[PDB]
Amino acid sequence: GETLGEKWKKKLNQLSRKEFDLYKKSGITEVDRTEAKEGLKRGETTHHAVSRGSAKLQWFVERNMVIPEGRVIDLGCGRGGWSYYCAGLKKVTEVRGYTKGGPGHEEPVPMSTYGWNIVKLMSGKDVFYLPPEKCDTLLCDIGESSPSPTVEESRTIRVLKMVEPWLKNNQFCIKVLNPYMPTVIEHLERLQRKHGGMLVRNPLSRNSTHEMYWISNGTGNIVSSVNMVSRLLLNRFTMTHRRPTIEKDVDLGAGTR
């Protein structure tokens, strides 16, 4: 070291509140969640995504980076945004979501968006002790940020260690909270050797996170991709502020499959 990502993290931790709030959205893409949030406030159960996560996963799926099919397991499903998005996909036959829930954590949100009847979301489940199950698609969006990159390093490696027993001849999309710490890079290189895939930056991620996703389809140089993200995020500190690109949120429809 020290890595480009660690330099980015230092500068991020130096920002004031107003500088941070400007920087985190500068030049990013984001979905307009206003209508959806009002719908959830009213208890509406059709069309709305339960989180910004549905659109986030959609970005990967529309580029065939992960192609949900068959039995989908969603580790750390939270409200269920990834699960309910997958439930509407023709090739998907079953969605099982597991999440901790309870105090301080999001509970699954019951919905009747398209394909809801093939979704089972289970709260009260600690995925770090959950025996691996056969699945055709493995999703995991777990990783708690911290101002400390070393804390994030341990959290990230713990997530990667937990998800690996679930991976075998299947599609996957796994969040890598901190991909730039050298120990994480080494684990990712061994993981790519065992299971393939590639590390990709989602443009709906805010500039305040260096998160990248390990997706199953394709290949590439992990260090080069991480460093590309680090340079982008570093340059956005001094780039003139740019308003984010606002897109419409996803419409997940209604009814049973």
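Note that residue numbering begins at 1 and tracks the sequence as displayed.
If you average the C-alpha B-factors over 143-151 and over 69-77, the higher value belongs to 143-151. For the two regions 155-163 and 171-179, the entry's Cα B-factors average higher over 155-163. In the PDB entry, a CA B factor belonging to the middle third of its chain's modelled residues is recorded for residue 89. Ranked by Cα temperature factor within the chain, residue 212 sits in the lowest third according to the deposited record. Annotation for residue 97: C-alpha temperature factor in the lowest third relative to the rest of the modelled chain, per the entry. Per the deposited record, the Cα B-factor of residue 138 falls in the lowest third when ranked against the other modelled residues of its chain. In the deposited entry, the Cα temperature factor of residue 54 sits in the bottom third of values across the chain's modelled residues.
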